[PDB]
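See below for the structure under consideration.
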Ligand SMILES: O=c1ccn([C@@H]2O[C@H](COP(=O)(O)OP(=O)(O)O)[C@@H](O)[C@H]2O)c(=O)[nH]1
Ligand SMILES: OC[C@H]1O[C@@H](O)[C@H](O)[C@@H](O)[C@H]1O
Ligand SMILES: [Mn+2]
């Protein structure tokens, strides 16, 4: 049950004025593609706080990657779902190397020790996530938040446009192209190339995705084949056959050193560390 929004004063949306004319802002299966200028974050924050939303954020920091956690978490605290309840789950082989980062109120961190592709299996923590959070966001650790990443991304299932391919035709996508792999996608198929480093959704839809990618990876292992881009190839296969309900623009996963700051990106929200 969703209670009424309170009165709010904001600019009227005008039907004969698009928000953004330069980019596609809805997919052909009617999923929003999330760019700056397409959402009023005050309306969204109301909607999600009225449901007392809790967001889980998973990150793996194995071996040398523990070095990235301090900047990742400190910038998450500045930019990720601020005002909402957040539970970080840090999966690592070195619990004692997790930095002590001060968190804002309503935010918690759990360190989950693992042994040093297996992210999909490890995510598919099933029971715990179902009890503890409403949505799961699953990202790479060698990154930093530079600007707002908030509830505009939440939906039952989302992927993120890979920043090297958002302008590419499908035949250039680096999907797995060998029919012997579960991740295979023919040259005349594909909507987008999604980045393995940022996907998420409701806990149920994320457990479906990560279970299906884990099973498909195990089939490929039994068959002696490893997909060209590992879990990212399987995530692409899954999202072609199970369309996401939102797609995040490359504002949400960018590399300024490699790609600069094109005009089409009004904000660079989550970016690779040099
Ligand atoms: O030795 C490793 C290799 C990978 N990762 C985790 O797996 C993610 C994906 O690997 P990586 O970021 O190296 O892929 P890239 O983005 O460079 O292609 C890393 O962000 C970490 O989040 C890790 O923790 N330790
Ligand atoms: O072609 C796909 C690849 O593109 C790279 O730019 C990225 O570093 C890789 O992790 C993989 O996503
Ligand atoms: Mn990475």
Any chance you could list the semi-axes, whole Å, largest first, of the equivalent ellipsoid that the Cα gyration tensor gives for the range 141-274, using √(5λ)? 26, 17, 13
Could you calculate, for the range 36-91, the ratio of the Cα radius of gyration to the Kirkwood radius, expressed as Rg to Rh? 1.08
Using only Cα atoms, locate the centre of the range 223-259 and the centre of the range 78-140, then give the distance between them in Å, rounded to an integer. 21
Hey, could you grab the Kirkwood Rh for the range 214-274? Inverse mean 1/r over distinct alpha carbon pairs, Å, one decimal. 14.1
Cα extents of the chain along the principal axes, largest first, in whole Å, come to 59, 47, 41
So what's the back-of-envelope 222 nm ellipticity for the chain, counting only DSSP H runs of four-plus at -39500 (n - 2.57) apiece and dividing by all residues, rounded to 500? -7500 deg cm²/dmol
Expressed as a fraction of 2.2 N^0.38 Å, the rule-of-thumb size for a compact globular protein of N residues, what is the C-alpha radius of gyration of the range 1-110? 1.41
Least to most buried among 131, 249, by other C-beta atoms within 10 Å and fewest first, runs 131, 249
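The numbers here are math on the coordinates, done by the rules we state, and not lab data. FYI the Cβ positions are ideal-geometry reconstructions off the backbone, even for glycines, and counts take in every protein chain you see.
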